[PDB]
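One chain is shown next in structure tokens, namely the form deposited in one PDB entry.
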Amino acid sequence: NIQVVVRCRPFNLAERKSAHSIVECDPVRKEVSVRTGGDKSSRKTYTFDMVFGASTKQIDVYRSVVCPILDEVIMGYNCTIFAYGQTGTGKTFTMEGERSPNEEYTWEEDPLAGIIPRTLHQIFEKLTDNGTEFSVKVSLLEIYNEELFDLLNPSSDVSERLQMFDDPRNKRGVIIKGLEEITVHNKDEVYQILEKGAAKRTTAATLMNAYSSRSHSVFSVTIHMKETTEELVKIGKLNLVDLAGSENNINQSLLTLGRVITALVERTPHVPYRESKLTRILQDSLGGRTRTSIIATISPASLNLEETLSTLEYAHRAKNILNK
């Protein structure tokens, strides 16, 4: 029920100057195949909900996985997309993207743009003149060493950690004290909010060891919706989650995520949500009422074989998770 897709990254310039890809993707068979030994070899094979080869562009990812998810958010559902995988495989690439070099494109037209910018820009486009009044708010909550950080609040620095509490009102919910929600009033406000995030992230990285590889980041967008004739109320939420790299100090949230998934697929009565910040904040995305997808990202380099195999096995198990 949880939707699991595989994305392979392409080779960097250093791998050319010349590397052989050990990963073969077959989208129509929806399968990924890894070469483990070597004219004559052994291979490992996995079927996923969708597979995306090294030639896949950002627009292909958005149109195939995000577009249907965003339609469901607009319908009034909560959705979550995780990116999972080894550092270096394209978790941030997929979730955020990058800017094309030399100011070639405006941010809205940049084909290297990832899920977060494309989504924000499309919400405004989809709801431009249907019967739906709406507002958009975003937050970016991050977890490093089991501490909480607000990367969007422009009035306090990143030494300041946030406090998490059980929410009495709705069970299995939490309240993050001091977490800021920025109203995104229109498309022309999006980019600078994203820039503020990047700036504060650069501060985080100088103060915290391997921040960009070791932190989990949860970019949340909330769409409040109202249609008329009588007022019909829709609230849509989407979490865009860029996990800490899965490579094997200790990452309690990452360890706990794995153990939660294990419990859910084995149908164990006890599921250890409370054992980390990440699984408490996202418990509804794991066997709850939220529609969830996982993008498992992998490398094509034979160097990365073991971690590529670990990610695939991990992601494949997760296919068996049921929610809603």
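Note that residue numbering follows the sequence shown and begins at 1. We call the rigid core the largest set of C-alpha positions that still match within 1.5 Å between the two forms.
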Between us, would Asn186 come up missing in a third or more of the other compared entries?
no
Quick one: is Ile81 left out in at least a third of the other entries we compared?
no
Are any deposited residues left out of the model between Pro269 and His270, and how many (none, 1 to 3, 4 to 9, 10 or more)?
none
Can you tell me how many deposited residues have no coordinates between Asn186 and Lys187? The categories are none, 1 to 3, 4 to 9, and 10 or more.
none
Output the stretch having the higher mean C-alpha B factor in the entry; the candidates are 257-265 and 43-51.
43-51
Entry-level comparison of average CA B-factors, 89-97 and 203-211, reporting the higher stretch:
203-211
Pick out which of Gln192, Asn153, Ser246, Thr222 has the highest C-alpha B-factor in the PDB entry.
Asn153
Residue, from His216, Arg118, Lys237, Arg172, that the PDB entry assigns the highest Cα B-factor:
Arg172
Splitting the chain's C-alpha B-factors into thirds, which one does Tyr77 fall into?
middle
Using only modelled residues of the chain, where does the Cα B factor of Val34 rank: lowest third, middle third or highest third?
highest
Chain-wide C-alpha B factor ranking for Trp107, given as lowest, middle or highest third:
middle
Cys67, C-alpha B-factor rank within chain (lowest, middle or highest third):
middle
Lowest, middle or highest third - CA B-factor, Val23:
highest
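Although not depicted, the form deposited with a small molecule bound is the subject of the following passage.
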Since exactly one of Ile123, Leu254, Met164, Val184 fits, which has a heavy atom within 4.5 Å of the small molecule in the bound PDB entry?
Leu254
Could you tell me which one of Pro68, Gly288, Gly258, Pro27 places a heavy atom within 4.5 Å of the small molecule in the bound PDB entry?
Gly258
Does the small molecule get within 4.5 angstroms of any non-hydrogen atom of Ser246 in the bound PDB entry?
yes
Close approach of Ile294 to the small molecule in the bound PDB entry, 4.5 Å, heavy atom
yes
Should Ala315 be counted as a contact of the small molecule in the bound PDB entry, where contact means heavy atoms within 4.5 Å?
yes
Consider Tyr84 of the chain shown here, and say whether it contacts the small molecule in the bound PDB entry, taking contact as heavy atoms within 4.5 Å.
yes
Using a 4.5 Å heavy atom cut-off, which of 238-246, 126-134, 165-173, 68-76 contacts the small molecule in the bound PDB entry?
238-246
Option from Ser276, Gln58, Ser293, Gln283 moving between the shown form and the other one, CA shift at or above 2 Å, rigid core reference
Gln58
Any CA movement of 2 Å or more for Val241 between the shown form and the other one, core superposed?
no
Using a superposition on the rigid core, decide whether the Cα position of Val73 changes by 2 angstroms or more between the shown form and the other one.
no
Align both forms on the core first, then report whether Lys44 has a C-alpha shift of 2 Å or more between the shown form and the other one.
yes
Could you tell me whether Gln58 and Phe134 have their C-alpha atoms closer or farther apart in the bound PDB entry than in the shown form, knowing the shift is 3 angstroms or more?
farther
Relative to what's shown here, the Cα pair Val28 and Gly114 differs by 3 Å or more in the bound PDB entry. Does it come closer or drift farther?
farther
